[PDB]
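Per chain, numbering begins at 1; letters A, B, ... match sequence-line order. No hydrogens, no waters, no symmetry mates; every other heavy atom, side chains included, goes into these values.
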Amino acid sequence: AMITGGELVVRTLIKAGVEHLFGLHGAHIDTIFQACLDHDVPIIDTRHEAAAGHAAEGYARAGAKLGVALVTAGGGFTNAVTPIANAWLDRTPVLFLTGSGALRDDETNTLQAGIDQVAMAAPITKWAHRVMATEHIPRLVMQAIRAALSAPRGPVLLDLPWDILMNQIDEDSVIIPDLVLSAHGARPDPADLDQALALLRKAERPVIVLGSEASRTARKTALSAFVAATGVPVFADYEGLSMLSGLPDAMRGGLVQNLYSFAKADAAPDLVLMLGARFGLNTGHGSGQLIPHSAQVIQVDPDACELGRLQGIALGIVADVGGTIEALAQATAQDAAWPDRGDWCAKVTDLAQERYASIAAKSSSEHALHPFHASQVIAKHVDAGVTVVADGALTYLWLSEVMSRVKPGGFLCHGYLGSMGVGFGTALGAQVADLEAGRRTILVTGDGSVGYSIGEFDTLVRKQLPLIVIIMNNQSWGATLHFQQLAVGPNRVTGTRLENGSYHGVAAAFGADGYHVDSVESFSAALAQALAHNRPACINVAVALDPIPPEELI
Amino acid sequence: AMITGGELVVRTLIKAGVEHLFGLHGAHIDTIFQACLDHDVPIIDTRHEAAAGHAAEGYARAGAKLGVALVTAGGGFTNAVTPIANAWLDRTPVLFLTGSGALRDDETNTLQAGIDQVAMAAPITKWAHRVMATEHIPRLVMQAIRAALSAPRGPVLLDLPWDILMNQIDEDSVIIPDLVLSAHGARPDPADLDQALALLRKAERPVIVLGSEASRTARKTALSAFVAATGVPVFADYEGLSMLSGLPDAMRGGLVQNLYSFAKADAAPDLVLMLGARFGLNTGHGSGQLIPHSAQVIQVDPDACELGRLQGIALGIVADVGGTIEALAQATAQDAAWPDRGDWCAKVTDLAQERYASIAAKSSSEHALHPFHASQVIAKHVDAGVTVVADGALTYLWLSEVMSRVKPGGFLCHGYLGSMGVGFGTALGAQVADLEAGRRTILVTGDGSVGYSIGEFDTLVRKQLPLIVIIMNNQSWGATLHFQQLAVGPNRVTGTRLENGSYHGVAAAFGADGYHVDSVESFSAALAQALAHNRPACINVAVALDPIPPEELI
Amino acid sequence: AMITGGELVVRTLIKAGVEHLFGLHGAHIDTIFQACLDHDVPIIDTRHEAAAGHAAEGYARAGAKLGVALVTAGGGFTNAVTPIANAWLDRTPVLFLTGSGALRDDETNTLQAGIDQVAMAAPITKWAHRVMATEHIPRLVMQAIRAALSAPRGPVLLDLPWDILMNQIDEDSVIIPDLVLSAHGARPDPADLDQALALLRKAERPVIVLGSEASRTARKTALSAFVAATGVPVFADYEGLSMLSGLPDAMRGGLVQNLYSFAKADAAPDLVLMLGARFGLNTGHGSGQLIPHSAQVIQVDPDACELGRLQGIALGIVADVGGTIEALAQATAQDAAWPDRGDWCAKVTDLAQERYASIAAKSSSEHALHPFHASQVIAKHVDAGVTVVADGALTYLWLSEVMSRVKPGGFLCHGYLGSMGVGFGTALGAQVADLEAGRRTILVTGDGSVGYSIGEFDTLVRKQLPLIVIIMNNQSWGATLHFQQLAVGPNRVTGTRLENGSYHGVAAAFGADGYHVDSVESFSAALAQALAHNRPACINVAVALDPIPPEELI
Ligand SMILES: COP(=O)(O)[C@@](O)(c1ccccc1)c1sc(CCOP(=O)(O)OP(=O)(O)O)c(C)[n+]1Cc1cnc(C)nc1N
Ligand SMILES: COP(=O)(O)[C@@](O)(c1ccccc1)c1sc(CCOP(=O)(O)OP(=O)(O)O)c(C)[n+]1Cc1cnc(C)nc1N
Ligand SMILES: COP(=O)(O)[C@@](O)(c1ccccc1)c1sc(CCOP(=O)(O)OP(=O)(O)O)c(C)[n+]1Cc1cnc(C)nc1N
Ligand SMILES: COP(=O)(O)[C@@](O)(c1ccccc1)c1sc(CCOP(=O)(O)OP(=O)(O)O)c(C)[n+]1Cc1cnc(C)nc1N
Ligand SMILES: [Ca+2]
Ligand SMILES: [Ca+2]
Ligand SMILES: [Ca+2]
């Protein structure tokens, strides 16, 4: 008859279809834990709030759904800050639920109070707000969710004072609302759409770029449709890559980065259809080198700020990426009178291979396992029933080079924040989502990066999560060591060596399987053996340091 | 002639007198690393920016000096937020230098740019500011330090864009300024001072309570003079305990907490003189349970806000605590007509040691090592040559029932943040300060909290810091587990159990000495062997979970 | 028996000795108005919240006490923002009490809610906070007051939700605390003090500069004392000027600006004792031109950030300015063995006159009343029973030139914000304070500036406040017109002419006396006539535009 505010949170979460939370206990948030027990809603409790926040991200990114993080007042919240800022920059819809000091006893110098968590999250969230009344919990939870899920997706921080959670109200007087928000996005205007399609057909060498917004809606069948109908080849930033996974093979350009060569091979596009991809780091800023100044850019983004940010564009449209692709698929179901593009579709596939082979031809494995050969070993196990998470710097740069040539169930790599160490929690949340889909998660990280959340092997074991963590161990903070050397002087290395530590022993000390390997041959067996088992695994791989990936260098 | 913004920063730090930085590398801040090679200033690099921030804190606290943390753009910053908050609430002077995105290329969606780091830190720093031009560096750095070191001490964040730091200027054109800020603090008006002395002279059961501003000023000798002259017992909060270590024992009350039973037995102080003690968690808020409602209170704080925050006071003075301690000492040297107070000193001692005896009497170690028994073992090794850091909750609440009876060099416990896991980095920075004075550092932490920063074992070994890490392993997030059992029910634990992982094992995988123990005698031998060696160690002590410490039982 | 939160505010205000509020009604704050009615506490209700906020400032500045502003939710608060930011920069202690949306009905899109007033005031206040509980009102009001009153003085924003004000509690259960904070400031350390006094005596040509902090404490008798004893001549920024009013005439340097000449007349000080004066605009930044690079600066400020901000200093001391002067007066009551300084004391007075006379010699009144001659007419009525407020730009620049040569009861002019139009509310609040002291307020403003709050003649009449507003009417935004001309081109005037409007008619339409005058002779009669009456007065004075004051020019 009388229920707690924490029970209100959870009943509302359920109504929204939430099935998993990620967090770390504290008394301020106990009422949420008790309610979960009762509705049998697993809370995956980790060893650091960062890893819990990153888990929520990975789960949202892998499952294309809402991720939910739960942390307690004070240090709970401050340890979640890297996750919030990462999700903000990657545009991932996560609800961060955070405990806080009771409203009574404001300004009392009390335990875990006196920290304005809302004010700190405000610069990095789509919405940050503190609940003032137990009665408000459901409408505010549901409002927070709508803000997170709608285009562009992003993090939200709902702060729940201890007071407000512990307070009990008459359960017959309160209304748990529905989540009532169309999953069908908003589409462009038909004029704008025709105009787009007209520019499309009348042009010679066109590409589609995908951004994160395209993976969040996951309008897969509509993507292939529109692609069959038009024969326009498709590139992607990291986050869009798994969207190419169900394409006819011939028209997969893979990673947008390998669009770089196209100046030299004189085949730069005359038209780019940017769908959710933003001007900036992953798209070569406004420099011209990936997206030509001479090309006609058509850009669809839910944020009008993003439209042509760094470079003159020919048409800017505000809409939902998912809703647009759908519109594009429905419009070319009316058409079937589309130009051929044979030269181009092969001219696309051929150049991506030539770059792959140029790395392939370079790269010798004498006296040090080459980072590209490790990357290849990994690529050989990657199909649509595998999510790959990448962390590490050099590690991920090398990895990206083999990644265009495979069709993963997911690909979760660093966004604009570039924060080393987020991989562990990410992959761990990804694997929760993968479990419900039958996929399997592999984390590829550096020896620097892994040390951020290595304690998570513990969580992997307690909750029996089959993640495979592969550590590219080059005994250093590699990209940064490189920078010191190439930028400052061969003699100028400091603070970037990591010549110590047995990570597989750390993993085994936590109760997971740990392999160390230092040859191609022993790596594949370890990998195959790890894939073969339903256990958490660590694979510490010795890897050459001084090879330089393309994306540094020239 | 030509130097980087990096050298500018470093030259100014030198001029101000800093000997050690704490950090972790990034290209954005590399110019600062280089400038530290040349001037041969060590930068203790960690495995997590959080651990680095905390070390600068431990160093500032253990050595009563400025702590300097150095971190990179984006993730480097967000990982520092917790130490910053932590320093904020404990009033500890730490300069946080952070790199950020270049000012040119502002708003370009570029790597590690794109979060407003000043906006995030503003709610938890004394000052937060972004540098606009290389020529501003030395005045801005010097300003940062002044703000960090003045009363009350706290954290400062100085954001340093990549442009500013890479930019080169002719060394001739910019003057490095001096640290002009006399070290003596402001004192009370002689009329206030007299009124306080006046009150102090006519009280039957007077008491002094010290707080953190007393440890940052460290007027040990002035304090002796004044305690010796007036014969008034001294208590302290966690942060002020080492200030009681130069004092005759007949007038050490120990920790404030043990004022509890003075009311609970008809001996409540007449008059309490708070020096930097704030009203709040550590002084029993406004409850009057430690600082009684009936007593007259003279409060001396540098922040008017704190004066009588929760509870009326007789007299509120805003001044530096150290300055005030000096003033008091030297006013007290010259009026030698101070009543005896021998009785009162006795009653105060009897009650402190009654509590202690009483807990001894009821602590049985049959069936598992009792945490009070474990805390006694640590206690038998503590004096002025040892810094004790405390983390973990139940762990520090039991530990703290023994700390009154010993006289440590340092005692670094949780402030208001209450953030589990900050201990490891704190202790690491503390052990750096301690080497300057040949002291030894010991960390006493829970099995939950050590998991936050378990990877600092690697920093211990690569850096040859002989920190001894003691884990009180009760296989749970203990205090939270007790909360579930006591506030909800026996049947109602979830999320609080951690029955997995070999912590000694982890530490060994990183090259540190691991020991496992589970009795008085075995722990006693492990600790003695750990002390005998100059190597980092980890000791994992199986400790009972059931016994409730006095704190809780309120 | 049951009383409102609004009654709690007022009972607390009374206990603090508050006797006047300034504001503008709204229903959200009605409970505060009703309580005022009952305790007979005048609320001076104005025509714009800006003018009410500025009134609170002027009253605090003129009375050396707390000013209290009261404004309602939403636009009430946003119209107070210029006042808050002005008070922040001038360091004036004002409590801004603001209404806001009820806590219930947060996020309801309701009337005057949905505006985070705390977040907007946070960058410009010493403390901004929202009350969460009716029971908290007294301790929070009293805490807000202590933050405002203590060094450095500044604005505070206490936000009071409608809910919280309207809620009624048991009046027998709540404690109205006292304001318990020493009025005696904190003094320097004796070593630091002797050192200062030693540098003082051993130097040849020393000056004292005063800043606003010196007028806020108003330790007058202690100022003269220390000045007799030492014979050191005293300068002041605008805010410190009234502090020179009770000095032996021979040692009054007046406005710090006329220290400018001292390079040329080769008489730059060898020592400057900066007391509350900050490095920056009013003190010639760090350029050397007022305070010599070659001089030994001794600076006392409560803000360690301010100490040597822009220029190398010889000694930096953190303390209360008022408490220091007192310390200086008590230390030289022990001395009476002080060097003569005859050359200098005359070399001081003589150069200030020479600059006065150089303007005097220039300046012809043929076909336009000269701005300096108007300034002189005003100066001739200024003694210690007159507060002068200055607004306007050119107007105040000219005025400042006659101001060194008179002894006002107050002098309130623009601080760093330099906001045109704040004069009207300022002078109006000043006059409330002047009424209780028998003084009389004269506002000297431009024709631009007056138009900001001209509606206030209405308030002047409703509350019968004898202010005299003198409008230097030069039919333009004068300093800005000058800038366009001198900086850009004679032909390049736009947007800076104001060739229209009869201000004395506006005043008369509001029921006040209005003079227009266009000669020296007719101006003095109008002034004398206005002084002679106990009525609000407007005096529109036609004034030449193209004369250029020194402080522009060269
Ligand atoms: C060019 O900028 P850089 O400063 O070198 C760096 O930020 C970076 C980021 C992306 C790509 C390349 C380098 C990266 S690269 C880097 C070394 C990574 O070491 P790791 O062992 O994980 O992998 P590898 O390079 O050896 O494969 C570091 C420490 N940082 C800076 C950094 C520090 N702390 C945190 C939380 N995040 C960061 N990104
Ligand atoms: C009353 O609040 P509680 O929730 O019980 C807790 O916040 C606490 C309890 C008593 C004293 C101080 C803190 C503490 S106690 C606590 C258990 C820590 O377990 P650990 O194994 O380290 O030591 P012990 O208690 O077993 O000896 C946790 C997880 N929490 C909440 C919490 C979570 N995450 C972080 C970063 N900091 C925290 N304080
Ligand atoms: C319920 O709130 P109320 O306090 O009654 C008030 O806020 C209001 C009332 C009804 C509708 C809209 C606003 C309004 S109504 C109101 C009276 C305005 O008087 P006016 O002479 O302009 O028109 P009328 O009501 O006499 O026709 C005031 C002063 N206030 C509060 C207020 C103060 N300062 C500023 C800048 N904006 C405000 N809204
Ligand atoms: C050098 O900067 P300037 O831009 O000229 C200006 O800010 C200024 C301030 C102080 C001294 C001199 C000029 C001043 S001077 C100025 C003209 C003032 O006209 P007014 O009629 O009051 O007096 P006078 O100069 O004619 O005697 C203006 C509009 N402004 C800019 C301004 C605009 N709006 C507000 C609220 N405050 C301001 N200070
Ligand atoms: Ca590495
Ligand atoms: Ca534990
Ligand atoms: Ca004018």
Side-chain angles (χ1 to χ4, degrees), chain C residues 356-357 359-383 385-403 405-406 408 423-424 427-428 431 440-451 454 456-457 460-461 465-479 481 497-549:
Chain C
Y356 181 71
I359 312 309
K362 258 71 252 182
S363 319
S364 153
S365 266
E366 178 181 67
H367 276 42
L369 197 87
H370 184 96
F372 183 72
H373 297 153
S375 304
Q376 289 167 309
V377 176
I378 295 160
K380 279 195 296 169
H381 295 272
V382 175
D383 61 58
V386 165
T387 307
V388 167
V389 183
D391 192 341
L394 285 181
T395 304
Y396 88 74
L397 287 178
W398 285 113
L399 192 77
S400 70
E401 301 294 9
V402 306
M403 284 290 310
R405 306 186 35 74
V406 290
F424 214 133
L428 179 166
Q431 184 59 86
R440 180 83 180 256
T441 314
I442 282 172
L443 163 58
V444 189
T445 185
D447 45 317
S449 304
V450 86
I454 205 154
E456 293 329 304
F457 287 108
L460 256 25
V461 177
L465 291 169
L467 179 63
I468 301 177
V469 185
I470 301 169
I471 305 182
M472 291 312 162
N473 185 350
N474 61 14
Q475 314 217 71
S476 61
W477 298 108
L481 187 150
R497 296 201 184 271
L498 289 184
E499 295 186 26
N500 181 65
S502 160
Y503 305 106
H504 65 273
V506 173
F510 281 118
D513 300 330
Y515 300 80
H516 193 189
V517 295
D518 63 3
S519 74
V520 175
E521 207 194 58
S522 47
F523 187 36
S524 336
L527 194 38
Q529 224 164 230
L531 288 162
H533 305 286
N534 176 22
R535 301 183 205 137
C538 178
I539 301 170
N540 192 359
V541 188
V543 163
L545 173 62
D546 31 292
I548 299 171

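Within the 4.5 Å cutoff, no side-chain heavy atoms of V444(C) are placed close to those of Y396(C). Looking only at side-chain heavy atoms (C-beta outward), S375(C) and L399(C) come within less than 4.5 Å of each other. Side-chain atoms of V382(C) and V402(C), non-hydrogen and from C-beta on, never get closer than 4.5 Å to each other. Counting heavy atoms from C-beta outward, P408(C) and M403(C) have side chains that approach closer than 4.5 Å. At least one side-chain heavy atom of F457(C) sits less than 4.5 Å from a side-chain heavy atom of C538(C). At a threshold of 4.5 Å between non-hydrogen side-chain atoms, the residues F424(C) and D391(C) do not count as touching. Between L428(C) and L460(C) the shortest side-chain heavy-atom distance falls below 4.5 Å. Side-chain contact between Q475(C) and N473(C): present, with at least one pair of heavy atoms (C-beta onward) separated by less than 4.5 Å.
When all heavy atoms are compared, the tightest approach of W477(C) to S449(C) is CZ3-N, 4.0 Å. The shortest heavy-atom contact between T445(C) and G392(C) is OG1-N, 4.0 Å. Between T441(C) and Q431(C), the shortest heavy-atom contact is N-OE1, 2.8 Å. Taking both residues in full, the closest heavy atoms of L443(C) and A427(C) are given as CB-CB, 3.6 Å, listed atom of the first, atom of the second, then distance. Summarising the geometry of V543(C) relative to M472(C), their closest heavy-atom pair is CG2-SD, 3.9 Å, with the distance given to 0.1 Å. Across all their heavy atoms, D518(C) and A542(C) have their closest contact at CB-CB, 4.0 Å.
With rounding to the nearest 0.5 Å, the separation of CD1 in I359(C) from CD in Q376(C) is 10.5 Å. Between the CD1 atom in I442(C) and the NE2 atom in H381(C) there is a gap of 7.5 Å [rounded to 0.5 Å]. Here the straight-line distance linking atom CD1 of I548(C) with atom CH2 of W398(C) works out to 8.5 Å at 0.5 Å rounding. For the atom pair CD1 (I470(C)) and CD1 (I378(C)), the distance works out to 4.5 Å, reported to the nearest 0.5 Å.
Residues forming a side chain to side chain contact (heavy atoms under 4.5 Å, CB included) with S476(C) (at least two apart in sequence, or on another chain): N474(C), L481(C), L545(C). Every residue two or more places apart in sequence or in another chain that forms a side chain to side chain contact (heavy atoms under 4.5 Å, CB included) with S502(C) is listed here: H504(C). Residues forming a side chain to side chain donor-acceptor pair (under 3.5 Å) with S522(C) (at least two apart in sequence, or on another chain): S519(C). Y515(C) is linked by a side chain to side chain donor-acceptor pair (under 3.5 Å) to nothing, counting only residues two or more places apart in sequence or in another chain. Residues passing the side chain to side chain donor-acceptor pair (under 3.5 Å) test with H373(C), sequence neighbours excluded: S365(C).
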Return a table of donor-acceptor pairs under 3.5 angstrom between the side chains of residues 505-514 of chain C and protein atoms on other chains or two or more places apart.
unit_1	atom_1	unit_2	atom_2	d
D513(C)	OD2	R535(C)	NH1	3.3

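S363(C) places no side-chain N or O within 3.5 Å of a backbone atom of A360(C) that could act as its donor or acceptor partner.
For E499(C), the CD atom counts as densely surrounded, since its 6.0 Å shell holds more than 12 non-hydrogen atoms of other residues, nucleotides or ligands.
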